[PDB]
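J.: Experimental structure and sequence below.
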Amino acid sequence: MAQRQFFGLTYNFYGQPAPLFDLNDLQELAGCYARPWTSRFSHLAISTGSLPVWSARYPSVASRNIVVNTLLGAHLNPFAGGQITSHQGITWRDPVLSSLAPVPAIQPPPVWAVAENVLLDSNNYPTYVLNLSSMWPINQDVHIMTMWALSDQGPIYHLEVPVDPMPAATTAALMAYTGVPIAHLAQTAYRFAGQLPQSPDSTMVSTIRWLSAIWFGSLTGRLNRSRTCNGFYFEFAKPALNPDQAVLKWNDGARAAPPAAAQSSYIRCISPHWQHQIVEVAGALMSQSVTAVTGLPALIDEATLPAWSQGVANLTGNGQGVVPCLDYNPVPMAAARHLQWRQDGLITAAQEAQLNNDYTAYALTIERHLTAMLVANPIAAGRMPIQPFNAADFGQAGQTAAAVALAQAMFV
Amino acid sequence: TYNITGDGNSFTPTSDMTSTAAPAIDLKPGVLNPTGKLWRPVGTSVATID
């Protein structure tokens, strides 16, 4: 459980002298908030895609995701520093990291450690490791950070399908949640996992992992009304505009072909649109929780990775689990899914496939233009409350169809 | 700048004002130094002074 070298990776800056935010933005953060724990962040995220994700400070959910990380990244360098630093805005409310404090009065001596792009090992800091219990909830948060920050893309999400020994208890419970969107399940899960210093009790753990698969499987095409995980799939509600909300649905059609034993993938999203896709994001947050429990195959090998995030400690390698990451552009996948569906003869392409591809084309456009227009500001001012990214990044490529095919074969 | 081909211009060479420029500078090795190279306590916090 206490995975000793709990080393976590802080984000790089987009050819910036400073970490990604300006002083005002960080003020906003620290100050208008208090706790270093994701409650506040989740509050925003949870509101079932109703509220516009846009604000003056915070362009998207994912935006906030990024400034959450950078916040972390900067302010940790303080207390996680070699001999303890902390000033300029943040001087930690107690050594045990209780709250984001504006500089305690007679406390200058712990400097503001000017770091560059640097991973840190939580357990190498004596304060941190003393407080192993309280460390646990924040490590979760940490992972979230690291696993966006590792790359320059949409989140590196992990998948797991342990085949065969499947707890009967899991089944039973999970059925009761039928009707709800992935989002709220996730929320409860994270809350639990934090609330109790994390357990070896695989219950929780297994459950999240199964869920993740079923979602992903659904989203691909592999999983649907007629091809289920025993009854399990995720139903994409409202077939018009692109908001097609994945609810957990239990319908008995077929029980899909039990894979060979243990199937693992990781997905990333190459396209900035990820930002407005709460679905995608919520799997990634799921896979983080998973991490806390489990020592996942040493992270997505440096082959698809920017130079600053090569050669990292015990994270990227070359000859390990999951050497390449499975990569997608969200709008091509929807097409992929319709493909399968049609190949199976579930449905006529005629009107179904045409219509939704029409709407997602629209949704792309809207998103693309908004993300670009918003990025313009940070791409001219000293402030960055957003993912950094070029227009060529939107490209319909990035191994999109391979991902899909791999996900599928996984299900065999 | 001013039109050179104008009136008012003084031709006053004085001892006081003996031509000079900077023809060459001192570059003696000895003179290059001042001084201390900058270093760090291994790379970790304030402990490794040694």
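T.: Thanks, I have it. Residues are numbered from 1 along each chain as shown, chains lettered A, B, ... in the order given.

J.: CA only for contacts and neighbour counts going forward, please
T.: OK.

J.: Which residue does the stretch 1-150 of chain A have closest to chain B?
T.: The nearest approach of the stretch 1-150 of chain A to chain B comes at residue A:82, 3.9 Å away (CA to the nearest CA).

J.: okay, now that residue: neighbour count?
T.: Other residues lying near residue A:82 total 17 when counted by other CA atoms under 10 Å in any protein chain shown.

J.: need the contact list for the residue in chain B that chain A sits nearest to.
T.: The nearest approach of chain B to chain A comes at residue B:45, 3.9 Å away (CA to the nearest CA). By CA atoms under 8 Å, 6 or more residues apart in numbering or on different chains, residue B:45 lies in contact with A:81, A:82, A:83.

J.: Residue A:223 too?
T.: Listed by CA under 8 Å, 6+ apart, the contact partners of residue A:223 are A:214, A:217, A:229, A:233, A:234.

J.: hmm, 7 Å instead?
T.: A:217, A:233 (CA atoms under 7 Å, 6 or more residues apart in numbering or on different chains).

J.: Can you report how many residues neighbour the residue lying closest to residue A:204 once chain neighbours are set aside?
T.: Closest residue to residue A:204 apart from its sequence neighbours, by CA to CA, 6 or more residues apart in numbering or on different chains: residue A:189 at 7.7 Å. As a burial measure, residue A:189 scores 18 neighbours (other CA under 10 Å).

J.: in terms of contact count, name the helices or strands touching the helix or strand containing residue A:189.
T.: Per DSSP states H and E: residue A:189 is located in helix A:182-195. Contact analysis of helix A:182-195 by 3 or more CA pairs under 7 Å, 6 or more residues apart in numbering or on different chains; DSSP states H and E lists strand A:245-250, helix A:278-293 as its packing neighbours.

J.: how far off strand A:245-250 does the very next helix or strand once past it point, in degrees?
T.: Next helix or strand after helix A:182-195 toward the C-terminus (DSSP H and E): helix A:202-220. With axes from the mean of the first three to the mean of the last three CA atoms, to 10 degrees applied, the angle from helix A:202-220 to strand A:245-250 works out at 120 degrees.

J.: Mind listing the strands the helix or strand that helix A:202-220 is followed by pairs with, and their directions?
T.: Remark: after helix A:202-220, the chain's next helix or strand is strand A:227-228, criterion DSSP H and E. In the sheet, strand A:227-228 lines up against strand A:254-255 (parallel) (DSSP bridges).

J.: Touching the partner strand from outside, list them.
T.: With CA under 7 Å, 6+ apart as the test, strand A:254-255 has contacts from A:226, A:227, A:228, A:229, A:230, A:231.

J.: Just list the residues touching the last one, thanks.
T.: Taking CA under 7 Å, 6+ apart as the definition of contact, the neighbours of residue A:231 are A:250, A:251, A:252, A:253, A:255.

J.: can you map out the helices along the stretch 251-400 of chain A?
T.: Under the criterion DSSP state H, counting those that start in this stretch, the stretch 251-400 of chain A contains helices at A:278-293, A:330-343, A:349-376, A:400-410.

J.: Dump the first one to CSV, restricted to CA.
T.: Output for helix A:278-293, consisting of C-alpha atoms alone and laid out as CSV, is shown next (Å, rounded to 0.1, in the frame of the first residue of the first chain):
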residue,chain,number,x,y,z
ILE,A,278,-16.6,15.2,-18.9
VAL,A,279,-16.9,11.5,-19.8
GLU,A,280,-13.2,11.2,-20.9
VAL,A,281,-12.1,13.2,-17.9
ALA,A,282,-14.0,11.1,-15.4
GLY,A,283,-12.4,7.8,-16.5
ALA,A,284,-9.0,9.4,-16.0
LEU,A,285,-10.0,10.3,-12.5
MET,A,286,-11.1,6.8,-11.9
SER,A,287,-7.8,5.4,-13.0
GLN,A,288,-6.0,7.7,-10.6
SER,A,289,-7.8,6.1,-7.6
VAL,A,290,-6.8,2.7,-9.0
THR,A,291,-3.2,3.9,-8.8
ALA,A,292,-3.2,4.6,-5.1
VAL,A,293,-3.8,1.0,-4.5
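
J.: starting at the chain centroid, how far to it?
T.: How far helix A:278-293 lies from its chain's middle: 5 Å, per CA atoms, centre = their mean, to the nearest Å.

J.: Could you do stretch A:116-125 as well?
T.: With CA atoms, centre = their mean, you get 21 Å for stretch A:116-125.

J.: okay, the helices of the stretch 251-400 of chain A, which one's buried deepest?
T.: helix A:278-293 (a mean of 23; mean count of other CA atoms under 10 Å in any protein chain shown).

J.: re earlier: can you give me the distance of the residue nearest to residue A:204 to residue A:208?
T.: Residue A:189 is 8 Å from residue A:208, where distance means CA to CA, to the nearest Å.

J.: Write out the residues of chain B neighbouring chain A.
T.: Proximity of chain B to chain A, by CA under 7 Å from any CA of the partner chain, involves residues B:44, B:45, B:46.

J.: neighbours of the last one, just the number please.
T.: Okay, so that is residue B:46. For residue B:46, the neighbour count with other CA under 10 Å is 12.

J.: Could you verify that it is part of a strand?
T.: No - judged by DSSP: H, G, I helix; E, B strand; the rest coil, residue B:46 forms no part of a strand; its state is coil.

J.: can you tell me which residues contact it?
T.: By CA under 7 Å, 6+ apart, the contact set of residue B:46 is residue A:83.

J.: Next one: the residue nearest to residue A:389 when sequence neighbours are not counted from residue A:18, what distance?
T.: Distances taken as CA to CA, 6+ apart put residue A:272 closest to residue A:389, at 7.5 Å, once the chain neighbours are dropped. Taking CA to CA as the measure, residue A:272 falls 22 Å from residue A:18.

J.: neighbour-wise, which of the two wins?
T.: residue A:272 (26 against 17).

J.: So residue A:267 is in contact with residue A:330, correct?
T.: No - the pair residue A:267 / residue A:330 is not scored as a contact, 11.5 Å apart, by CA atoms under 7 Å.
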